[PDB]
$ cat model.txt   # compact mmCIF, C-alpha atoms and all ligand atoms
# COMPACT_ATOMS: atom_id res chain seq x y z
CA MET A 1 81.46 99.52 112.33
CA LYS A 2 82.19 100.99 115.76
CA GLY A 3 83.08 104.66 116.07
CA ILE A 4 86.46 103.93 117.67
CA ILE A 5 87.57 102.53 114.30
CA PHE A 6 86.62 105.83 112.65
CA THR A 7 88.16 108.16 115.25
CA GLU A 8 91.48 106.31 115.46
CA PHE A 9 91.63 106.15 111.66
CA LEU A 10 91.13 109.86 110.97
CA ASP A 11 93.49 110.69 113.84
CA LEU A 12 96.13 108.75 111.90
CA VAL A 13 95.21 110.48 108.63
CA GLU A 14 95.66 113.80 110.41
CA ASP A 15 98.95 112.54 111.86
CA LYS A 16 100.46 111.39 108.54
CA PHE A 17 98.80 113.48 105.79
CA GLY A 18 97.79 116.65 107.65
CA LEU A 19 94.46 118.15 108.68
CA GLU A 20 93.47 119.12 105.13
CA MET A 21 93.49 115.46 104.06
CA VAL A 22 90.95 114.66 106.78
CA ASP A 23 88.64 117.41 105.51
CA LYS A 24 89.29 116.33 101.91
CA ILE A 25 88.30 112.66 102.17
CA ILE A 26 85.26 113.62 104.25
CA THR A 27 84.07 116.17 101.68
CA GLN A 28 84.63 113.61 98.90
CA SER A 29 82.47 111.04 100.73
CA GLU A 30 78.68 110.82 101.04
CA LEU A 31 78.45 110.18 104.78
CA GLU A 32 75.23 109.77 106.75
CA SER A 33 77.12 110.95 109.86
CA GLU A 34 78.60 113.93 107.94
CA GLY A 35 82.06 112.84 109.11
CA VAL A 36 81.20 113.19 112.82
CA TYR A 37 82.03 110.10 114.87
CA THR A 38 82.02 109.18 118.55
CA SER A 39 83.70 106.19 120.18
CA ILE A 40 80.41 104.63 121.29
CA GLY A 41 78.54 105.33 118.05
CA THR A 42 77.84 102.69 115.42
CA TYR A 43 78.22 103.57 111.74
CA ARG A 44 77.96 101.66 108.48
CA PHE A 45 81.08 100.24 106.86
CA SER A 46 80.13 101.97 103.59
CA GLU A 47 81.29 105.20 105.26
CA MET A 48 84.72 103.76 106.10
CA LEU A 49 85.04 102.31 102.59
CA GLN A 50 84.51 105.78 101.11
CA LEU A 51 87.14 107.22 103.46
CA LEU A 52 89.63 104.52 102.46
CA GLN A 53 88.91 104.82 98.73
CA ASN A 54 89.26 108.62 98.79
CA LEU A 55 92.42 108.51 100.92
CA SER A 56 93.93 105.96 98.52
CA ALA A 57 93.18 108.16 95.51
CA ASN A 58 94.60 111.31 97.10
CA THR A 59 97.78 109.69 98.46
CA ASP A 60 98.30 107.00 95.76
CA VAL A 61 98.82 104.51 98.60
CA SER A 62 96.89 101.27 98.17
CA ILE A 63 93.92 100.58 100.43
CA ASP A 64 95.64 97.42 101.67
CA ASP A 65 98.77 99.35 102.67
CA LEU A 66 96.64 102.01 104.36
CA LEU A 67 94.65 99.40 106.28
CA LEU A 68 97.86 97.59 107.27
CA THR A 69 99.56 100.70 108.66
CA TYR A 70 96.39 101.71 110.51
CA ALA A 71 95.99 98.21 111.95
CA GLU A 72 99.57 98.20 113.25
CA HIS A 73 98.81 101.47 115.03
CA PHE A 74 95.40 100.28 116.26
CA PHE A 75 97.02 97.33 118.05
CA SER A 76 98.61 99.83 120.44
CA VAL A 77 95.10 101.14 121.12
CA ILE A 78 94.15 97.53 121.88
CA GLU A 79 97.23 97.09 124.08
CA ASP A 80 96.43 100.17 126.17
CA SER A 81 92.66 99.60 126.36
CA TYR A 82 92.45 95.85 127.15
CA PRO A 83 95.77 94.74 128.67
CA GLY A 84 94.10 92.07 130.81
CA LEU A 85 92.77 90.34 127.71
CA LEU A 86 96.24 90.32 126.13
CA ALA A 87 97.76 89.12 129.41
CA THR A 88 95.73 85.90 129.11
CA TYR A 89 98.07 84.65 126.36
CA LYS A 90 101.78 83.81 126.46
CA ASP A 91 102.20 82.78 122.80
CA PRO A 92 101.30 84.65 119.60
CA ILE A 93 100.17 81.53 117.71
CA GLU A 94 97.89 80.54 120.59
CA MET A 95 96.39 84.04 120.74
CA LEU A 96 95.72 84.15 116.99
CA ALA A 97 94.12 80.69 117.16
CA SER A 98 91.80 82.07 119.87
CA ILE A 99 90.41 85.12 118.05
CA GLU A 100 87.16 83.41 117.08
CA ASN A 101 86.31 81.38 120.19
CA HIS A 102 87.52 83.87 122.82
CA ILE A 103 88.89 87.27 121.79
CA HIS A 104 86.13 88.45 119.46
CA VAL A 105 83.66 86.64 121.72
CA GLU A 106 84.64 89.08 124.47
CA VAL A 107 84.44 91.94 121.96
CA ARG A 108 80.82 90.99 121.27
CA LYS A 109 80.09 91.08 125.01
CA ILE A 110 81.39 94.65 125.06
CA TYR A 111 79.84 95.70 121.73
CA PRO A 112 76.83 93.49 120.88
CA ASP A 113 76.38 95.40 117.59
CA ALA A 114 80.01 94.91 116.52
CA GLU A 115 80.72 93.84 112.94
CA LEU A 116 83.39 91.17 113.27
CA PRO A 117 84.98 88.75 110.79
CA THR A 118 85.18 84.98 111.16
CA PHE A 119 88.40 82.99 111.57
CA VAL A 120 88.49 79.21 111.05
CA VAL A 121 91.61 77.30 112.06
CA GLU A 122 92.56 74.57 109.59
CA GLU A 123 96.09 73.68 110.78
CA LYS A 124 97.93 74.57 113.97
CA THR A 125 101.38 73.70 115.31
CA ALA A 126 103.60 75.38 117.90
CA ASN A 127 105.07 77.79 115.32
CA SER A 128 102.58 77.66 112.42
CA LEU A 129 98.91 78.47 111.93
CA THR A 130 96.62 78.27 108.89
CA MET A 131 93.34 80.16 109.21
CA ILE A 132 90.49 81.07 106.86
CA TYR A 133 89.43 84.72 107.12
CA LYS A 134 85.89 85.59 106.03
CA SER A 135 84.27 89.04 105.99
CA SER A 136 82.11 90.98 103.53
CA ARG A 137 84.30 94.01 104.34
CA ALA A 138 87.45 92.38 102.89
CA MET A 139 89.68 93.87 105.60
CA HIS A 140 92.27 91.09 105.45
CA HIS A 141 95.13 93.60 105.65
CA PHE A 142 93.60 95.06 108.81
CA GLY A 143 93.87 91.56 110.24
CA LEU A 144 97.40 91.23 108.87
CA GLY A 145 98.51 94.36 110.71
CA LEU A 146 97.08 93.08 113.98
CA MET A 147 98.83 89.75 113.37
CA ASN A 148 102.15 91.54 112.83
CA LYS A 149 101.86 93.46 116.10
CA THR A 150 100.62 90.34 117.90
CA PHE A 151 103.93 88.62 117.14
CA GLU A 152 105.85 91.80 117.99
CA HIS A 153 103.97 92.03 121.30
CA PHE A 154 105.57 88.68 122.22
CA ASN A 155 109.07 89.65 120.99
CA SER A 156 108.83 87.60 117.80
CA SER A 157 108.03 87.81 114.10
CA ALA A 158 106.36 85.68 111.45
CA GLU A 159 106.04 85.20 107.71
CA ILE A 160 102.34 85.56 106.88
CA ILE A 161 101.16 84.63 103.38
CA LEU A 162 97.69 85.67 102.18
CA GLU A 163 95.89 83.57 99.56
CA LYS A 164 92.62 85.11 98.36
CA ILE A 165 90.03 82.35 97.95
CA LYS A 166 87.62 84.95 96.56
CA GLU A 167 89.32 87.66 94.52
CA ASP A 168 87.23 90.40 96.18
CA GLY A 169 89.06 89.65 99.44
CA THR A 170 86.01 88.42 101.36
CA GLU A 171 87.60 84.97 101.89
CA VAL A 172 91.37 84.83 102.48
CA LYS A 173 93.54 81.92 103.61
CA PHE A 174 96.19 83.07 106.11
CA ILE A 175 99.35 80.94 106.21
CA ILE A 176 101.29 82.01 109.31
CA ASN A 177 104.81 80.73 110.05
CA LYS A 178 106.62 82.10 113.10
CA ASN A 179 110.31 82.85 112.64
CA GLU A 180 113.22 82.01 114.87
CA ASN A 181 113.84 83.41 117.59
CA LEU A 182 117.47 82.86 118.59
CA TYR A 183 117.08 83.11 122.38
CA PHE A 184 114.85 81.11 124.70
CA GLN A 185 111.71 83.06 125.55
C1 LIG B 201 92.36 92.11 122.36
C2 LIG B 201 92.36 91.90 121.04
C3 LIG B 201 91.27 92.42 120.06
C4 LIG B 201 90.24 93.25 120.27
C5 LIG B 201 89.83 93.98 121.57
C6 LIG B 201 89.53 93.39 119.01
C7 LIG B 201 88.42 94.16 118.81
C8 LIG B 201 87.91 94.50 117.59
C9 LIG B 201 86.97 95.57 117.33
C10 LIG B 201 86.38 96.53 118.39
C11 LIG B 201 86.71 95.59 116.03
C12 LIG B 201 85.76 96.57 115.31
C13 LIG B 201 84.37 95.95 115.23
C14 LIG B 201 83.40 96.96 114.66
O1 LIG B 201 83.85 98.07 114.28
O2 LIG B 201 82.19 96.66 114.59
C15 LIG B 201 87.47 94.52 115.41
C16 LIG B 201 87.47 94.22 114.07
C17 LIG B 201 88.36 93.35 113.49
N1 LIG B 201 89.14 92.44 114.19
FE1 LIG B 201 89.53 92.38 116.15
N2 LIG B 201 90.15 92.62 118.04
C18 LIG B 201 91.22 92.01 118.67
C19 LIG B 201 92.12 91.16 118.09
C20 LIG B 201 92.11 90.85 116.75
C21 LIG B 201 93.16 90.14 116.05
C22 LIG B 201 94.45 89.62 116.74
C23 LIG B 201 92.78 90.04 114.77
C24 LIG B 201 93.49 89.38 113.56
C25 LIG B 201 94.60 88.66 113.65
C26 LIG B 201 91.50 90.68 114.64
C27 LIG B 201 90.79 90.78 113.48
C28 LIG B 201 89.88 91.77 113.23
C29 LIG B 201 89.56 92.28 111.92
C30 LIG B 201 90.17 91.80 110.58
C31 LIG B 201 88.64 93.23 112.07
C32 LIG B 201 88.01 94.05 110.92
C33 LIG B 201 86.54 93.68 110.74
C34 LIG B 201 86.38 92.73 109.58
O3 LIG B 201 87.41 92.27 109.03
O4 LIG B 201 85.22 92.41 109.22
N3 LIG B 201 91.10 91.17 115.87
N4 LIG B 201 88.20 93.86 116.39

$ encode --input "model.txt" --output "structure tokens" --more "lines below"
Ligand code: HEM
Amino acid sequence: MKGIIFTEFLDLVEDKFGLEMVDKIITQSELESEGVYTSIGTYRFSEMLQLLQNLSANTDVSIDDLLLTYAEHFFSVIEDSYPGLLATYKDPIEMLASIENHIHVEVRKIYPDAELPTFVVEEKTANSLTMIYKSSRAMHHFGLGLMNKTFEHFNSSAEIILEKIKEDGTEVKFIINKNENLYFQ
């Protein structure tokens, strides 16, 4: 996992639960990096999992809800860091159907050691998209938050249903249905 994921995450923990919560979840976790992260550094996901598990226990907010809220904030980091990549797309369904073959392809060019999930499109219409999410990290709600802000980036919204193929969350079917949309875009 890239260090930008760690720094933006603990910045949000500081922003919502105070400084002491950042020191708390770090002390509760056995971290090889001792809780010190840089944007260019590469760290194991087992460190982030400990941070999420400890934050969930201290706040009584589920890991999925914590990952969702963080993902919705991280999309703004994506908007401000790579606007030219987002400017390639005019439609949220088209952009989401291009994560595997284009978006995260470009991410690998930037970070060759990036740990990315896989998305497989099974059905695709103008306002609907069914994709299979696969990742040993089971961060489906991180992807759900980025999907939410993808639709909001294009002045739209969508109903997104998650069906866990494997109950551990490492394989999730995403059923995406864009809403109306009362004015021509
Ligand atoms: C310009 C758009 C995007 C950029 C620059 C981007 C980049 C990244 C980066 C840097 C990571 C962290 C990799 C690591 O720490 O090793 C990541 C992970 C991830 N990305 Fe993207 N991403 C983009 C769009 C999306 C979208 C739209 C989705 C889902 C709809 C998505 C799904 C994910 C997920 C779920 C992860 C968590 C890793 C995992 O599940 O295994 N990404 N992405």

$ residues_near_ligand --input "model.txt" --ligand "ligand LIG 201 (chain B)" --cutoff "6 Å" --atoms "all atoms listed in the file" --output "list in words"
residues 1, 2, 5, 78, 85, 86, 96, 103, 104, 107, 114, 115, 116, 117, 135, 137, 139, 140, 142, 143, 146 and 147 of chain A

$ residues_around --input "model.txt" --residues "segment 23-35 of chain A" --least-positions-apart "4" --cutoff "12 Å" --atoms "all atoms listed in the file" --output "JSON, numbers by chain"
{"A": [3, 6, 7, 9, 10, 11, 13, 14, 17, 18, 19, 41, 42, 43, 44, 45, 46, 47, 48, 49, 50, 51, 52, 53, 54, 55, 56, 57, 58, 59]}

$ closest_atom_pairs --input "model.txt" --of "segment 46-109 of chain A" --to "segment 120-124 of chain A" --cutoff "12 Å" --atoms "all atoms listed in the file" --output "CSV"
residue,atom,partner,partner_atom,distance
A:93,CA,A:124,CA,8.2
A:94,CA,A:124,CA,8.9
A:95,CA,A:124,CA,11.7
A:96,CA,A:121,CA,9.4
A:97,CA,A:121,CA,6.6
A:98,CA,A:121,CA,9.2
A:99,CA,A:120,CA,9.4
A:100,CA,A:120,CA,7.5
A:101,CA,A:120,CA,9.6

$ residues_around --input "model.txt" --residues "segment 155-158 of chain A" --least-positions-apart "6" --cutoff "6 Å" --atoms "all atoms listed in the file" --output "NGL selection string"
:A and (177-179)

$ write_last_selection --input "model.txt" --atoms "C-alpha atoms" --output "short mmCIF file (atom, residue, chain, number, x, y, z; two decimals), in the frame of the given file"
data_model
loop_
_atom_site.label_atom_id
_atom_site.label_comp_id
_atom_site.auth_asym_id
_atom_site.auth_seq_id
_atom_site.Cartn_x
_atom_site.Cartn_y
_atom_site.Cartn_z
CA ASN A 177 104.81 80.73 110.05
CA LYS A 178 106.62 82.10 113.10
CA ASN A 179 110.31 82.85 112.64
#

$ atom_distance --input "model.txt" --atom1 "atom CA of residue 72 of chain A" --atom2 "atom CA of residue 144 of chain A"
8.5 Å

$ residues_around --input "model.txt" --residues "residue 165 of chain A" --least-positions-apart "3" --cutoff "12 Å" --atoms "all atoms listed in the file" --output "ChimeraX atom specification"
/A:131-135,138,140,162,168-174

$ atom_distance --input "model.txt" --atom1 "atom CA of residue 92 of chain A" --atom2 "atom CA of residue 63 of chain A"
26.0 Å

$ residues_around --input "model.txt" --residues "residue 75 of chain A" --least-positions-apart "5" --cutoff "10 Å" --atoms "only C-alpha atoms" --output "list in words"
residues 70, 80, 81, 145, 146, 147, 148, 149, 150 and 153 of chain A

$ axis_aligned_box --input "model.txt" --around "segment 89-103 of chain A" --padding-each-side "5 Å" --output "lines of an AutoDock Vina configuration file"
center_x = 94.3
center_y = 83.9
center_z = 121.7
size_x = 25.9
size_y = 16.7
size_z = 19.5

$ closest_residue --input "model.txt" --among "A:126, A:77, A:141, A:36" --to "residue 64 of chain A" --atoms "all atoms listed in the file"
A:141

$ build_atoms --input "model.txt" --residues "segment 73-106 of chain A" --atoms "N, CA and C atoms" --output "PDB file, in the coordinates of the input"
ATOM      1  N   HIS A  73      98.964 100.444 114.015  1.00  0.00           N
ATOM      2  CA  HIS A  73      98.810 101.470 115.030  1.00  0.00           C
ATOM      3  C   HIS A  73      97.647 101.159 115.970  1.00  0.00           C
ATOM      4  N   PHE A  74      96.565 100.583 115.437  1.00  0.00           N
ATOM      5  CA  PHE A  74      95.400 100.280 116.260  1.00  0.00           C
ATOM      6  C   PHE A  74      95.684  99.195 117.293  1.00  0.00           C
ATOM      7  N   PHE A  75      96.681  98.339 117.055  1.00  0.00           N
ATOM      8  CA  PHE A  75      97.020  97.330 118.050  1.00  0.00           C
ATOM      9  C   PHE A  75      97.528  97.969 119.338  1.00  0.00           C
ATOM     10  N   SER A  76      98.208  99.113 119.234  1.00  0.00           N
ATOM     11  CA  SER A  76      98.610  99.830 120.440  1.00  0.00           C
ATOM     12  C   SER A  76      97.400 100.357 121.194  1.00  0.00           C
ATOM     13  N   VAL A  77      96.355 100.762 120.469  1.00  0.00           N
ATOM     14  CA  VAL A  77      95.100 101.140 121.120  1.00  0.00           C
ATOM     15  C   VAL A  77      94.501  99.935 121.833  1.00  0.00           C
ATOM     16  N   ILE A  78      94.625  98.750 121.231  1.00  0.00           N
ATOM     17  CA  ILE A  78      94.150  97.530 121.880  1.00  0.00           C
ATOM     18  C   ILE A  78      95.012  97.195 123.086  1.00  0.00           C
ATOM     19  N   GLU A  79      96.330  97.378 122.965  1.00  0.00           N
ATOM     20  CA  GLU A  79      97.230  97.090 124.080  1.00  0.00           C
ATOM     21  C   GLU A  79      96.915  97.956 125.289  1.00  0.00           C
ATOM     22  N   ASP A  80      96.657  99.245 125.067  1.00  0.00           N
ATOM     23  CA  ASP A  80      96.430 100.170 126.170  1.00  0.00           C
ATOM     24  C   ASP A  80      95.006 100.127 126.702  1.00  0.00           C
ATOM     25  N   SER A  81      94.053  99.611 125.927  1.00  0.00           N
ATOM     26  CA  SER A  81      92.660  99.600 126.360  1.00  0.00           C
ATOM     27  C   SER A  81      92.270  98.299 127.052  1.00  0.00           C
ATOM     28  N   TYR A  82      92.777  97.161 126.582  1.00  0.00           N
ATOM     29  CA  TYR A  82      92.450  95.850 127.150  1.00  0.00           C
ATOM     30  C   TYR A  82      93.729  95.065 127.403  1.00  0.00           C
ATOM     31  N   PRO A  83      94.551  95.500 128.365  1.00  0.00           N
ATOM     32  CA  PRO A  83      95.770  94.740 128.670  1.00  0.00           C
ATOM     33  C   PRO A  83      95.488  93.412 129.356  1.00  0.00           C
ATOM     34  N   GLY A  84      94.421  93.328 130.154  1.00  0.00           N
ATOM     35  CA  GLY A  84      94.100  92.070 130.810  1.00  0.00           C
ATOM     36  C   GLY A  84      93.729  90.972 129.839  1.00  0.00           C
ATOM     37  N   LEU A  85      93.077  91.328 128.731  1.00  0.00           N
ATOM     38  CA  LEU A  85      92.770  90.340 127.710  1.00  0.00           C
ATOM     39  C   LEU A  85      94.037  89.831 127.031  1.00  0.00           C
ATOM     40  N   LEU A  86      94.973  90.734 126.729  1.00  0.00           N
ATOM     41  CA  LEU A  86      96.240  90.320 126.130  1.00  0.00           C
ATOM     42  C   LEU A  86      97.093  89.531 127.106  1.00  0.00           C
ATOM     43  N   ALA A  87      96.991  89.835 128.402  1.00  0.00           N
ATOM     44  CA  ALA A  87      97.760  89.120 129.410  1.00  0.00           C
ATOM     45  C   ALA A  87      97.324  87.675 129.578  1.00  0.00           C
ATOM     46  N   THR A  88      96.177  87.291 129.015  1.00  0.00           N
ATOM     47  CA  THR A  88      95.730  85.900 129.110  1.00  0.00           C
ATOM     48  C   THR A  88      96.637  84.970 128.313  1.00  0.00           C
ATOM     49  N   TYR A  89      97.288  85.475 127.269  1.00  0.00           N
ATOM     50  CA  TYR A  89      98.070  84.650 126.360  1.00  0.00           C
ATOM     51  C   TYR A  89      99.562  84.869 126.569  1.00  0.00           C
ATOM     52  N   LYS A  90     100.326  83.792 126.376  1.00  0.00           N
ATOM     53  CA  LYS A  90     101.780  83.810 126.460  1.00  0.00           C
ATOM     54  C   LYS A  90     102.449  83.540 125.120  1.00  0.00           C
ATOM     55  N   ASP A  91     101.677  83.214 124.082  1.00  0.00           N
ATOM     56  CA  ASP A  91     102.200  82.780 122.800  1.00  0.00           C
ATOM     57  C   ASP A  91     101.393  83.430 121.689  1.00  0.00           C
ATOM     58  N   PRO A  92     102.058  83.959 120.657  1.00  0.00           N
ATOM     59  CA  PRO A  92     101.300  84.650 119.600  1.00  0.00           C
ATOM     60  C   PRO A  92     100.467  83.707 118.748  1.00  0.00           C
ATOM     61  N   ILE A  93     100.953  82.492 118.486  1.00  0.00           N
ATOM     62  CA  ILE A  93     100.170  81.530 117.710  1.00  0.00           C
ATOM     63  C   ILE A  93      98.922  81.122 118.469  1.00  0.00           C
ATOM     64  N   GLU A  94      99.050  80.908 119.782  1.00  0.00           N
ATOM     65  CA  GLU A  94      97.890  80.540 120.590  1.00  0.00           C
ATOM     66  C   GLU A  94      96.859  81.661 120.616  1.00  0.00           C
ATOM     67  N   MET A  95      97.316  82.911 120.724  1.00  0.00           N
ATOM     68  CA  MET A  95      96.390  84.040 120.740  1.00  0.00           C
ATOM     69  C   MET A  95      95.647  84.166 119.419  1.00  0.00           C
ATOM     70  N   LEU A  96      96.366  84.047 118.299  1.00  0.00           N
ATOM     71  CA  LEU A  96      95.720  84.150 116.990  1.00  0.00           C
ATOM     72  C   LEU A  96      94.747  83.003 116.757  1.00  0.00           C
ATOM     73  N   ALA A  97      95.052  81.811 117.267  1.00  0.00           N
ATOM     74  CA  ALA A  97      94.120  80.690 117.160  1.00  0.00           C
ATOM     75  C   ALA A  97      92.927  80.825 118.089  1.00  0.00           C
ATOM     76  N   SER A  98      92.884  81.864 118.922  1.00  0.00           N
ATOM     77  CA  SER A  98      91.800  82.070 119.870  1.00  0.00           C
ATOM     78  C   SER A  98      90.987  83.323 119.576  1.00  0.00           C
ATOM     79  N   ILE A  99      91.157  83.917 118.393  1.00  0.00           N
ATOM     80  CA  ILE A  99      90.410  85.120 118.050  1.00  0.00           C
ATOM     81  C   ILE A  99      88.920  84.823 117.963  1.00  0.00           C
ATOM     82  N   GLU A 100      88.564  83.707 117.326  1.00  0.00           N
ATOM     83  CA  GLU A 100      87.160  83.410 117.080  1.00  0.00           C
ATOM     84  C   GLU A 100      86.447  82.977 118.353  1.00  0.00           C
ATOM     85  N   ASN A 101      87.008  82.005 119.069  1.00  0.00           N
ATOM     86  CA  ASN A 101      86.310  81.380 120.190  1.00  0.00           C
ATOM     87  C   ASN A 101      86.500  82.114 121.512  1.00  0.00           C
ATOM     88  N   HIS A 102      87.318  83.166 121.561  1.00  0.00           N
ATOM     89  CA  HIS A 102      87.520  83.870 122.820  1.00  0.00           C
ATOM     90  C   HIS A 102      87.626  85.377 122.654  1.00  0.00           C
ATOM     91  N   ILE A 103      88.600  85.834 121.865  1.00  0.00           N
ATOM     92  CA  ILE A 103      88.890  87.270 121.790  1.00  0.00           C
ATOM     93  C   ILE A 103      87.686  88.034 121.267  1.00  0.00           C
ATOM     94  N   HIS A 104      87.279  87.754 120.028  1.00  0.00           N
ATOM     95  CA  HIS A 104      86.130  88.450 119.460  1.00  0.00           C
ATOM     96  C   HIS A 104      84.816  88.022 120.093  1.00  0.00           C
ATOM     97  N   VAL A 105      84.813  86.941 120.876  1.00  0.00           N
ATOM     98  CA  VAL A 105      83.660  86.640 121.720  1.00  0.00           C
ATOM     99  C   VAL A 105      83.534  87.692 122.820  1.00  0.00           C
ATOM    100  N   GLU A 106      84.655  88.032 123.463  1.00  0.00           N
ATOM    101  CA  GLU A 106      84.640  89.080 124.470  1.00  0.00           C
ATOM    102  C   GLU A 106      84.321  90.442 123.866  1.00  0.00           C
TER     103      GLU A 106
END
